[PDB]
file upload-v6.cif (mmCIF, C-alpha atoms and all ligand atoms)
data_target
loop_
_atom_site.label_atom_id
_atom_site.label_comp_id
_atom_site.auth_asym_id
_atom_site.auth_seq_id
_atom_site.Cartn_x
_atom_site.Cartn_y
_atom_site.Cartn_z
CA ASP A 4 0.00 0.00 0.00
CA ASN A 5 2.04 2.97 1.33
CA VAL A 6 5.49 1.25 1.38
CA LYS A 7 4.92 -0.30 -2.08
CA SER A 8 3.86 3.11 -3.49
CA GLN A 9 6.90 5.07 -2.18
CA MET A 10 9.35 2.32 -3.24
CA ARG A 11 7.90 2.25 -6.79
CA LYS A 12 8.06 6.08 -7.02
CA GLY A 13 11.69 5.68 -5.86
CA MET A 14 12.53 3.24 -8.65
CA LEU A 15 10.97 5.58 -11.28
CA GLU A 16 12.69 8.64 -9.69
CA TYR A 17 16.05 6.85 -9.88
CA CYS A 18 15.32 5.90 -13.50
CA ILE A 19 14.54 9.55 -14.42
CA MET A 20 17.81 10.74 -12.77
CA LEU A 21 19.64 7.91 -14.58
CA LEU A 22 18.18 8.92 -17.99
CA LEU A 23 18.92 12.64 -17.39
CA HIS A 24 22.52 12.17 -16.17
CA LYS A 25 24.16 12.26 -19.61
CA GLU A 26 21.60 14.19 -21.66
CA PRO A 27 19.12 16.93 -20.73
CA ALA A 28 15.63 16.14 -22.08
CA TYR A 29 11.97 17.04 -22.50
CA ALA A 30 9.51 14.79 -20.65
CA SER A 31 8.60 13.38 -24.11
CA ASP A 32 12.27 12.35 -24.61
CA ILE A 33 12.18 10.55 -21.25
CA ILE A 34 8.90 8.80 -22.20
CA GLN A 35 10.50 7.84 -25.55
CA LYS A 36 13.73 6.46 -24.00
CA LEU A 37 11.57 4.44 -21.63
CA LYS A 38 9.65 3.10 -24.70
CA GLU A 39 12.96 1.88 -26.19
CA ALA A 40 13.63 0.14 -22.83
CA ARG A 41 10.28 -1.71 -23.27
CA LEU A 42 8.73 0.50 -20.55
CA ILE A 43 5.47 2.45 -20.85
CA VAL A 44 5.19 5.30 -18.34
CA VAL A 45 2.37 7.78 -19.00
CA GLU A 46 2.28 11.56 -18.38
CA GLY A 47 0.03 11.07 -15.31
CA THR A 48 2.84 8.99 -13.73
CA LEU A 49 5.93 10.86 -15.04
CA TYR A 50 4.85 14.52 -14.54
CA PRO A 51 4.38 14.50 -10.70
CA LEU A 52 7.78 12.81 -10.19
CA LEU A 53 9.58 15.36 -12.37
CA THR A 54 7.84 18.07 -10.29
CA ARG A 55 8.84 16.27 -7.03
CA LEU A 56 12.50 15.96 -8.14
CA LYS A 57 12.59 19.64 -9.28
CA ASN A 58 11.09 20.71 -5.92
CA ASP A 59 13.91 18.94 -4.07
CA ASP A 60 16.38 20.65 -6.52
CA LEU A 61 17.51 17.28 -7.97
CA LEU A 62 16.25 18.37 -11.38
CA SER A 63 15.88 21.89 -12.79
CA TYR A 64 14.37 23.20 -16.02
CA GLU A 65 14.24 26.07 -18.47
CA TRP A 66 11.30 26.96 -20.72
CA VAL A 67 11.79 26.47 -24.47
CA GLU A 68 9.65 29.20 -26.05
CA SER A 69 8.35 28.98 -29.62
CA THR A 70 5.76 30.50 -31.96
CA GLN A 71 4.78 27.06 -33.37
CA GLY A 72 3.82 25.28 -30.14
CA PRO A 73 3.46 25.85 -26.36
CA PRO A 74 6.37 26.39 -23.90
CA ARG A 75 8.15 23.12 -23.12
CA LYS A 76 10.10 22.28 -19.95
CA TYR A 77 13.66 21.26 -20.71
CA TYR A 78 15.02 19.29 -17.81
CA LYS A 79 18.53 18.58 -16.62
CA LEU A 80 20.00 16.79 -13.62
CA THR A 81 21.48 19.40 -11.17
CA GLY A 82 24.77 19.27 -9.20
CA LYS A 83 22.75 18.01 -6.21
CA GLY A 84 21.00 15.51 -8.56
CA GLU A 85 24.33 14.18 -9.92
CA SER A 86 25.80 13.74 -6.39
CA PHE A 87 22.65 12.01 -5.02
CA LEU A 88 22.57 9.81 -8.17
CA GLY A 89 26.24 8.84 -7.50
CA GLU A 90 25.31 7.88 -3.92
CA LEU A 91 22.42 5.66 -5.12
CA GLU A 92 24.39 3.80 -7.84
CA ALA A 93 27.16 2.99 -5.34
CA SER A 94 24.44 1.83 -2.92
CA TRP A 95 23.04 -0.63 -5.53
CA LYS A 96 26.62 -1.79 -6.05
CA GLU A 97 27.00 -2.36 -2.27
CA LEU A 98 23.64 -4.19 -2.41
CA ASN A 99 25.53 -6.96 -4.27
CA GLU A 100 28.01 -7.44 -1.41
CA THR A 101 24.69 -7.84 0.45
CA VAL A 102 23.45 -10.33 -2.23
CA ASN A 103 26.39 -12.55 -1.23
CA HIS A 104 25.30 -12.64 2.45
CA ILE A 105 21.65 -13.30 1.54
CA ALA A 106 22.46 -16.45 -0.49
CA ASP B 4 15.07 16.66 1.77
CA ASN B 5 11.78 14.72 1.36
CA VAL B 6 12.68 12.85 -1.88
CA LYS B 7 16.17 11.98 -0.57
CA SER B 8 14.68 10.68 2.71
CA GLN B 9 12.05 8.39 1.10
CA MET B 10 14.54 7.03 -1.48
CA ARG B 11 17.09 6.20 1.27
CA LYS B 12 14.37 4.48 3.38
CA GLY B 13 13.54 2.57 0.17
CA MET B 14 17.12 1.36 -0.29
CA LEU B 15 17.28 0.18 3.37
CA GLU B 16 13.77 -1.40 3.09
CA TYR B 17 14.89 -3.32 -0.01
CA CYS B 18 18.06 -4.38 1.81
CA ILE B 19 16.03 -5.71 4.79
CA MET B 20 13.74 -7.70 2.44
CA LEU B 21 16.85 -8.96 0.62
CA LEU B 22 18.49 -10.13 3.89
CA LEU B 23 15.26 -11.79 5.11
CA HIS B 24 14.44 -13.62 1.85
CA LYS B 25 16.48 -16.75 2.59
CA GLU B 26 16.66 -16.71 6.39
CA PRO B 27 14.26 -15.41 9.05
CA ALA B 28 16.09 -13.25 11.62
CA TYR B 29 16.06 -11.10 14.75
CA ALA B 30 16.76 -7.39 14.19
CA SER B 31 20.19 -8.07 15.80
CA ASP B 32 20.91 -10.67 13.07
CA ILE B 33 20.04 -8.08 10.42
CA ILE B 34 22.30 -5.49 12.12
CA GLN B 35 25.07 -8.13 12.26
CA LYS B 36 24.75 -9.15 8.57
CA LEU B 37 24.90 -5.48 7.67
CA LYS B 38 28.12 -5.21 9.79
CA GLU B 39 29.68 -8.02 7.70
CA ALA B 40 28.68 -6.01 4.58
CA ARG B 41 30.69 -3.05 6.01
CA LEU B 42 27.40 -1.26 6.85
CA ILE B 43 26.48 0.25 10.22
CA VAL B 44 22.73 0.73 10.67
CA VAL B 45 21.60 1.52 14.23
CA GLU B 46 18.39 0.47 16.03
CA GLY B 47 16.95 4.01 15.67
CA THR B 48 17.18 3.58 11.86
CA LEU B 49 16.34 -0.16 11.52
CA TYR B 50 13.39 -0.49 13.98
CA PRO B 51 10.91 1.97 12.30
CA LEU B 52 11.50 0.37 8.87
CA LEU B 53 10.85 -3.14 10.19
CA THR B 54 7.65 -1.75 11.75
CA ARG B 55 6.73 -0.02 8.44
CA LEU B 56 7.32 -3.23 6.41
CA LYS B 57 5.33 -5.34 8.95
CA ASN B 58 2.47 -2.80 8.80
CA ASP B 59 2.28 -3.21 5.02
CA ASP B 60 2.38 -7.04 5.59
CA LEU B 61 5.72 -7.38 3.74
CA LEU B 62 7.29 -8.72 6.92
CA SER B 63 5.65 -10.57 9.82
CA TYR B 64 6.96 -11.72 13.18
CA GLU B 65 6.45 -14.07 16.11
CA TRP B 66 7.58 -13.45 19.70
CA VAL B 67 10.37 -15.67 21.03
CA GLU B 68 9.60 -15.99 24.75
CA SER B 69 12.25 -16.90 27.32
CA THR B 70 12.93 -16.83 31.07
CA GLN B 71 16.52 -15.55 30.56
CA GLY B 72 15.80 -12.39 28.56
CA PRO B 73 12.92 -10.28 27.17
CA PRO B 74 10.60 -11.30 24.28
CA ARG B 75 12.34 -10.94 20.91
CA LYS B 76 10.67 -10.33 17.54
CA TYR B 77 11.58 -13.01 15.01
CA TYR B 78 10.99 -11.67 11.55
CA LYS B 79 10.37 -13.36 8.23
CA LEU B 80 9.58 -12.13 4.73
CA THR B 81 5.87 -12.89 3.92
CA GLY B 82 4.33 -14.21 0.67
CA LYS B 83 3.50 -10.59 -0.23
CA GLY B 84 7.08 -9.61 0.76
CA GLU B 85 8.63 -12.32 -1.46
CA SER B 86 6.48 -11.32 -4.49
CA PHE B 87 7.18 -7.56 -4.05
CA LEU B 88 10.90 -8.37 -3.58
CA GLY B 89 10.81 -10.36 -6.88
CA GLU B 90 9.25 -7.35 -8.63
CA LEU B 91 11.99 -5.00 -7.33
CA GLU B 92 14.98 -7.23 -8.24
CA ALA B 93 13.64 -7.61 -11.80
CA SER B 94 13.18 -3.82 -11.88
CA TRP B 95 16.88 -3.26 -10.96
CA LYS B 96 17.72 -5.76 -13.69
CA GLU B 97 15.61 -3.75 -16.19
CA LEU B 98 17.40 -0.63 -14.90
CA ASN B 99 20.50 -1.99 -16.71
CA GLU B 100 18.73 -2.08 -20.08
CA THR B 101 18.12 1.55 -19.06
CA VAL B 102 21.87 1.97 -18.23
CA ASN B 103 22.56 1.19 -21.90
CA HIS B 104 20.30 4.04 -23.12
CA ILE B 105 21.77 6.52 -20.60
CA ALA B 106 25.37 6.01 -21.81
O1 LIG C 1 4.66 21.62 -20.47
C1 LIG C 1 5.04 21.05 -21.73
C2 LIG C 1 5.47 19.60 -21.52
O2 LIG C 1 5.34 18.81 -22.73
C3 LIG C 1 6.46 18.71 -23.63
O3 LIG C 1 6.16 17.79 -24.69
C4 LIG C 1 7.74 18.24 -22.94
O4 LIG C 1 7.95 16.85 -23.25
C5 LIG C 1 7.74 18.40 -21.42
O5 LIG C 1 9.08 18.59 -20.96
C6 LIG C 1 6.85 19.52 -20.86
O6 LIG C 1 6.68 19.31 -19.46
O1 LIG C 2 12.04 -6.32 21.03
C1 LIG C 2 13.26 -7.07 21.12
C2 LIG C 2 14.17 -6.71 19.94
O2 LIG C 2 15.57 -6.98 20.21
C3 LIG C 2 16.12 -8.27 19.88
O3 LIG C 2 17.53 -8.26 20.12
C4 LIG C 2 15.89 -8.66 18.42
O4 LIG C 2 17.10 -8.45 17.68
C5 LIG C 2 14.76 -7.89 17.73
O5 LIG C 2 14.18 -8.71 16.71
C6 LIG C 2 13.65 -7.36 18.64
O6 LIG C 2 12.89 -6.38 17.92
#
call {"tool": "encode", "arguments": {"input": "upload-v6.cif", "output": "structure tokens"}}
result
Amino acid sequence: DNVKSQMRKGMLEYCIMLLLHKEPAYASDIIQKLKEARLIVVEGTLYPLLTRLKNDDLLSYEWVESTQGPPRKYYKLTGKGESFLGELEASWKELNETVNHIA
Amino acid sequence: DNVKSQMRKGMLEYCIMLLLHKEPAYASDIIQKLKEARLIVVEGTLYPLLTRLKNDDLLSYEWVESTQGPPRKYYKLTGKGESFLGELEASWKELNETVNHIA
């Protein structure tokens, strides 16, 4: 219920930070890169997490302004985002020295 | 702040479920197996997560009753815990088909 929900948000949040770490991207680029990974994540799911990560200053954005379409948010992983990402990746790595003790 | 906190709880929660998946254990066994993994996690950190995972029926416990010491909680990963754990491990695995698209 609550634990499952937060942990699943966490996985998706980590995945967003992962995808943004090399290239900045529109939400639509993120959705598309997920599609290539055989993952469907809709706007209803993706948008609030982007907002949550921006609010904690892990992501930041600038508006891309046009005359042809609406303003689009162009997201990048911040300094704080890159450091926290580095922490998490090393923690998954440690979680395989754990996977030795479990088995 | 908030995102960092929930994501770190998530990592530890996953680690607890990982450690409990083969063997049931006292909190002290979990702390000890973490010590062997070069990880220090104190009671103040571990206890509320165990409680949180039990409350979502991912863990369950029975009291070990003695005349020599106090009652001790003996924890195991539930059916629901094992299934959710299986979901998460496969999701980390998928997160390496993601790690190809990131690079
Ligand atoms: O607000 C416009 C939104 O749609 C655009 O297609 C972009 O993918 C996204 O970054 C932005 O949030
Ligand atoms: O309540 C007693 C507590 O301490 C014991 O040492 C056990 O490690 C733990 O499972 C239990 O929660």
call {"tool": "closest_atom_pairs", "arguments": {"input": "upload-v6.cif", "of": "chain B", "to": "ligand LIG 2 (chain C)", "cutoff": "10 Å", "atoms": "only C-alpha atoms and all ligand atoms", "output": "tab-separated table"}}
result
residue	atom	partner	partner_atom	distance
B:28	CA	C:LIG2	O5	7.1
B:29	CA	C:LIG2	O5	3.6
B:30	CA	C:LIG2	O4	3.7
B:31	CA	C:LIG2	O4	3.6
B:32	CA	C:LIG2	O4	6.4
B:33	CA	C:LIG2	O4	7.8
B:34	CA	C:LIG2	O4	8.2
B:35	CA	C:LIG2	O4	9.6
B:46	CA	C:LIG2	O6	9.0
B:49	CA	C:LIG2	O6	9.6
B:50	CA	C:LIG2	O6	7.1
B:53	CA	C:LIG2	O6	8.6
B:54	CA	C:LIG2	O6	9.3
B:64	CA	C:LIG2	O5	8.6
B:65	CA	C:LIG2	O5	9.4
B:66	CA	C:LIG2	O1	8.5
B:67	CA	C:LIG2	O5	9.0
B:72	CA	C:LIG2	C1	9.5
B:73	CA	C:LIG2	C1	6.9
B:74	CA	C:LIG2	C1	5.9
B:75	CA	C:LIG2	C1	4.0
B:76	CA	C:LIG2	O5	4.0
B:77	CA	C:LIG2	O5	5.3
B:78	CA	C:LIG2	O5	6.8
call {"tool": "interface_residues", "arguments": {"input": "upload-v6.cif", "of": "chain B", "to": "chain A", "cutoff": "6 Å", "atoms": "only C-alpha atoms", "output": "compact mmCIF listing (two decimals) with C-alpha atoms, in the frame of the given file"}}
result
# COMPACT_ATOMS: atom_id res chain seq x y z
CA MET B 10 14.54 7.03 -1.48
CA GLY B 13 13.54 2.57 0.17
CA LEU B 22 18.49 -10.13 3.89
CA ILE B 105 21.77 6.52 -20.60
call {"tool": "closest_residue", "arguments": {"input": "upload-v6.cif", "among": "A:8, A:69, A:81, A:86", "to": "ligand LIG 1 (chain C)", "atoms": "all atoms listed in the file"}}
result
A:69
call {"tool": "atom_distance", "arguments": {"input": "upload-v6.cif", "atom1": "CA of residue 83 (chain B)", "atom2": "CA of residue 51 (chain B)"}}
result
19.2 Å
call {"tool": "atom_distance", "arguments": {"input": "upload-v6.cif", "atom1": "CA of residue 47 (chain A)", "atom2": "CA of residue 70 (chain A)"}}
result
26.2 Å
call {"tool": "atom_distance", "arguments": {"input": "upload-v6.cif", "atom1": "CA of residue 68 (chain A)", "atom2": "atom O1 of ligand LIG 1 (chain C)"}}
result
10.7 Å
